[PDB]
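The first chain written gets the first letter, and so on, giving A, B, C, D, E, F, G, H and I; residue counts start at 1 in each chain.
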Amino acid sequence: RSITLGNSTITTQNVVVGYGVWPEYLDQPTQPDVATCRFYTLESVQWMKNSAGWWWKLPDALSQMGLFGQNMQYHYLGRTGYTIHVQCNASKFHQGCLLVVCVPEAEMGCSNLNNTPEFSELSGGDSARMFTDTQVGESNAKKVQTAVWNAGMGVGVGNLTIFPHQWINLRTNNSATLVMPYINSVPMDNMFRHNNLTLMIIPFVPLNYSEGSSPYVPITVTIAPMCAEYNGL
Amino acid sequence: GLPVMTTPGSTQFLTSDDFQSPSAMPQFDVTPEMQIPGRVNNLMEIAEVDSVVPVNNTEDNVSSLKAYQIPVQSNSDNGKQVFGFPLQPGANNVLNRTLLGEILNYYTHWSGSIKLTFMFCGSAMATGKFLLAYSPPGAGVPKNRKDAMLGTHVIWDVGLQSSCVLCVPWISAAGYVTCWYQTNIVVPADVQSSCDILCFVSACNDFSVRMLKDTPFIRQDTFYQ
Amino acid sequence: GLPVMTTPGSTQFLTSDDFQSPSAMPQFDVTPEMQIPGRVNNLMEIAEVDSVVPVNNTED
Amino acid sequence: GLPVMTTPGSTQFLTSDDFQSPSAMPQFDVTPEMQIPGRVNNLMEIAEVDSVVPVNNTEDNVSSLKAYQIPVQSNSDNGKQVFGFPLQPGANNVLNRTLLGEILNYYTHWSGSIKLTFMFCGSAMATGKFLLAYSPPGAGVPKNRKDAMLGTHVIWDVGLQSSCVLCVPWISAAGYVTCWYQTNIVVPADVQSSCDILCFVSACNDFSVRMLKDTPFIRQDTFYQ
Amino acid sequence: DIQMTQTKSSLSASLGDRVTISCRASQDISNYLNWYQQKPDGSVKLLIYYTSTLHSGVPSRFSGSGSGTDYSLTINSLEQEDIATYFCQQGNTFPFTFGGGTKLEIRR
Amino acid sequence: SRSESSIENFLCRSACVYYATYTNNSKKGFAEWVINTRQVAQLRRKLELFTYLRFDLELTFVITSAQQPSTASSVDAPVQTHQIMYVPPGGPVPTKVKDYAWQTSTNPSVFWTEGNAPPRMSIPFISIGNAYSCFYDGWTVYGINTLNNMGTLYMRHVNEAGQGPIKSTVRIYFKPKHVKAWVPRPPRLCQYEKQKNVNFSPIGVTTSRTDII
Amino acid sequence: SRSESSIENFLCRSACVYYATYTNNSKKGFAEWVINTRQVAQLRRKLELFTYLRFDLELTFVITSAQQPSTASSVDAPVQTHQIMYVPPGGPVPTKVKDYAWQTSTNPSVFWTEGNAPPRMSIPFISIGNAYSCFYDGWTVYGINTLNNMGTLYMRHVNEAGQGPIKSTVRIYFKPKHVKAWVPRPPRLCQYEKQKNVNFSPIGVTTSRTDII
Amino acid sequence: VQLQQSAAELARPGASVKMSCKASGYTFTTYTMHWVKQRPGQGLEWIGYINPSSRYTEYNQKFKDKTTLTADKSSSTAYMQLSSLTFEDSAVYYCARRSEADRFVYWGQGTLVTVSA
Amino acid sequence: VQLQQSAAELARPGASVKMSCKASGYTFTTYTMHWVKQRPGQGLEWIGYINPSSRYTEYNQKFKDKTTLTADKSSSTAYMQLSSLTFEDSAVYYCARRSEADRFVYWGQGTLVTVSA
């Protein structure tokens, strides 16, 4: 309870950690830790009744977030781990269920079968891109195919529990916590041309409430980079 | 020199042999290894993780997220079937395209046990009871709540626990995992009554898979380019 | 490499030889054995049991 | 005799194999060895020696000894660029045809450090100062003397030392080794003011070269005869 | 839309010669072309599902080439059953546009 | 019976991945294959259950010939010999059947006469990185990942022939060796559409029935 | 990754150094190659980074045949056999296809029928001196150095044929073994012009740009 | 492995028709089914397709306000209804099955639609 | 890999012309470029060359006082200017690229120069 990091403080009360490993350290690279280790809280998304899902590309959401977004421009390479806190606050009169996965190398598909989706359609800067419950037509040239039952990657959405995940059931649970290590084939990679993580939040059982209750449930995502180091002089 | 004698089957190409082979590029000094998290040593580790089962196909929920949700409402009948699906292997059933059933379609012979986890995704103020009957292979499906109680069953109280685990063998009639209303869903004022139920599947013990084959779910007519 | 020399009768198929042979299906993990009653180790054990002799053939 | 069995790939000629071979001339009694000075055990020993870099190409000094000389004069501007060359590999740059860059064009992957030695080939009575800025890969080239000072730099005083060493990595934007006037060249009477500067390159640590290929600098159209 | 233009629309050749049918697009379609063959009774089948890649079950007398805008189809040994209509279809952008027909017949 | 599901017994098999023809006198006839795993649909689905792979490689070529119709007068040809050149990533590439890129020294070739055992050859793990990558969420054009590049193969005749045209086919067999796999991935549901990217058309989750009970 | 730049991993490769044709009934048809390293431009530039070399030698020959147009009436020929004679420095030399110099005892020959593995043979370090010499600043005619002489190769058919003309090609592959190198030398900048000497035409030092900055 | 269409039709101008294309030999709800119209004086022309799993249709811009493509899982057919029939709608209509995103491997034999009085 | 010359010219006696030969497909500043003149009643005749790296020209003794060979690195061309044109200067002029010190491997198609009034 009441964990602090740098000059930020959140409050909590189980934790699922990666593939069983903790984020650790490795010309010569430098290690900044007072610069990055703090809780970057993104803005809240509203879970309505006819909602479908959200996704964040992970070293893209913190690309304009203060001093972590400055070291991405100055230094060429870099590796980092993350610690994601997802928590939605609803009463005991609401009902629903969420799945919070964290997909490494989630390559997505376009709506037209011959093209590839453009840069502004994969990730918005610290803003949630959202799934849909219908198809995107082939007349649109460069748009991401956002059928939620295929999860944008052409795979079954029920089989997404093979990744490090956590269920949020509003009857019994309120929060999720994921600790992700650095997963890549090279030890250091460029942070603008590669998004090696993707945080998806998909409602399997939709939100329901009676008349009088609040018609939304806000979801708050909090990301903190752990054990980051960059390559430079 | 040394006298040798070539046996039959000498200058042939059997596609499943294991011989030494001359390297095209020696003296290359390949890249050494690196600790990457999450190494897979056996394909059974993919089958032992849970995955949601689409029990609610019903011809127009297969292209939605409504396939995974089992509807539960407060009705006026005294004893009524919620769902039911056989454990017949591969014959267009609900455990076919799940994370377990995509591995068992790569092999010909398999036998083991199955975990079946349920989860009540309703409000925290709703209370009810469900039967979880299991028919063995050979026995018929129960047509009533009473003779489903006379078999093997687990009474699942929603107000106490929100998840029920049901271990069961599955081997390549083969069984039924039918479920029945015991009591109705009692709910307070200003709480919705129509709730949902999710269902999971896994591998309880270690299976024994044998005689690898190709999957029936993928085919191509002309080389991708 | 090593100097060898093939003798006559090398690339022939004699039907009564005993050589090694490449397995078509390796890595199969065949079914282990089971105790079945009444194993025959030699065909003389079939000849040592009694049997009735048709001494009275007589064409019909 | 012994039963053998020929595997596939038996009577082939792979050009990169290593087998024994029958000698055409045995019993010859070849000439024994002799101690000759200067034996090469590795090609990296050719890359670690220094060589002059033609920084001053300029479209008509390439066919002269004027390519190696960097002109330095006493001007009237307050801060001005002397030279500058990127560290982009192979793309028609100045480190291409040097004694280092003729070896790195035989290989596909290489990474290491680089020594860059300068030498003031002027009079013994001239005095001045130079900046030796280095831009890392990713950062832009400085367009002014001031923001070249705000990076990494070495202030080279000519009146004290006549040679400046600058170690730097080079890996297959990739960097800049720009140089700036700090002060003008102060000179006495009856001494010439226009001086020159030579520049050298070497290999600081040991590199790691891999995946040998052929050089792009040599080709033939019909056999020499 | 990309206009697939076959400017010949009629070829005349005897048995056993080499025929060449050309199909020109509007812009670059980047090697995404297919060649179909319509028999005079109405049956259509696919011959070459790339610039030059033959479909399985097609005799080896057919071959294709081309790059960029211009493409071609080559039958070096004309047979009796090769008298049909041939189309070019691009698969680059939306929607799919087919080319005009090209009818073959004997010379004299 | 628990060992046939290991990574070595699952992926180390043989598979026909390419099939091409080439003749001798067409002055356009030679074969070409860029080494990838994304061409056939049954090997692609097995290698895409994992994100990062690392394996050696072993290739076997089955080469047959066929006599094309010549003119007349007693076609009698000797045995034929083929050249199978392997170009590493970043090497010269032939454009004609007679070229200077066939005779270069750093492109290892095999030479094989007909009537013998087929010409196997083996390629080690060549990469700058530490593993191959089946999926790449990033730009180089989206999702290409120029780091896993295995090279190109080229095949031709080395016999000049005038009395009779001869065409030949080749089937390339693919077999990974010493396989290591990381970060598992769910199996692909929709059908494959293109080779380079992960484009698809949306499909239903499973086959449907008439009632829930 | 420091061992691919050693002298053994740099020079001990294979390279096609000669390619010649010869037929049987022309009574002028046989091949001839004086063994040197100065014919091709990519092996010459690698061996001229050093002044003195000392290596064993290993040669492999790839021999193919082709049927020339005969008259008529059912050309049917048996398998062909070739002779590859090696003449040491200071040996007799054939002038015709039928000569007494083919049958001499101190010229080691190989005999090879078609349809088998190619005929490799190996030659040790033959010299009076203690090393070969890539450069010679002196007279024997300027810069010849008669001391590094490796010999000559000759190839012919041994089958007499009347019903059909047959011509054959041969590609000689060159591979040094146990290489030792002394006194390094800067790499050659200008293009090669002749075989025997170091003549050249003057060229610029490097490729030029538009400004110093 | 083949596709089978209906027989020829005949309709007055202003009336409506409905064709069909029965698929057999493969799993019907996997591949999309396209429709191509060929007037006898011109080449082929694309109309639209239908995804038989989610019943999602996408038409060409010229054929949007007239045609309507439906399907059913039981009989494994794919219908097409032409509304507001005019005189230039007299052509031959094919049904094709697209695989690998550009190739039309299997075709039907086509139905002849004629308008008269 | 080819060489490309200009078109045909026409000039009065006493005037001057300038031809060109654009090289492409190879590094221009490596090999020398030669010029050959062929009168229609005789064989070929050598004029001179130019080293494109150092701009060093060397002419034949008969063509020294008339011709002048220049070059440029940017457009990869090699010019040739004939001065004091007479009546026997009507021929076809080729550009060739010498490799291995005697061989002329690649040639141009030649420009026809005619003098008249």
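Assume a residue touches a chain if its C-beta (ideal position, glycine included) is under 8 Å from a C-beta of that chain, and two chains touch if they have at least 3 such contacts.
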item	value
Third chains touching both subunit H and subunit G	B, F
Residue-number overlap at the subunit B/subunit D interface, same or different (half cut)	different
Inter-chain centre distance, subunit D versus subunit I - centres from mean C-alpha coordinates, in Å	39
Computed distance of Cα centres, subunit D from subunit A, in Å	46
Cα-centroid distance, subunit A relative to subunit I, in whole angstrom	68
Averaged-CA centre spacing for the pair subunit I and subunit B, given as whole angstrom	81
For subunit B, residues that touch 2 or more chains besides their own	2-7, 9-13, 16-17, 21-25, 28-29, 34, 36-38, 46, 54, 59, 62-63, 67, 97, 99, 102, 210-211, 220, 222-225
Junction residues of subunit A, two or more chains touched	19, 112-114, 135, 138-139, 149, 156-159, 162, 183, 185, 187
Multi-partner residues of subunit I (each touching 2 or more other chains)	53-54, 73, 99-100
Touching pairs - complete list by chain label	A-B, A-D, A-E, A-F, A-H, B-C, B-D, B-E, B-F, B-G, B-H, C-D, C-F, D-F, D-G, D-I, E-H, F-G, F-H, G-I
Residue ranges of subunit B in contact with subunit F within the complex	11-13, 15-16, 21-25, 28, 30-34, 36-46, 54-63, 67, 70, 81-84, 92, 94, 96-97, 99, 102-103, 106-107, 109, 178, 206-212, 214-215, 218-220, 223-225
Subunit E residues touching subunit A - in the complex, by the definition given at the top	32, 91-94
Residues of subunit G defined as touching subunit B within the complex	1, 3-4, 9
Residues on subunit E engaged by subunit H in the complex (per definition of touch)	32, 34, 36, 42-46, 49, 55, 87, 89-91, 95-101
Subunit F to subunit G touching residues, read off their complex	73-79, 81, 103-106, 111, 113, 115, 158-164
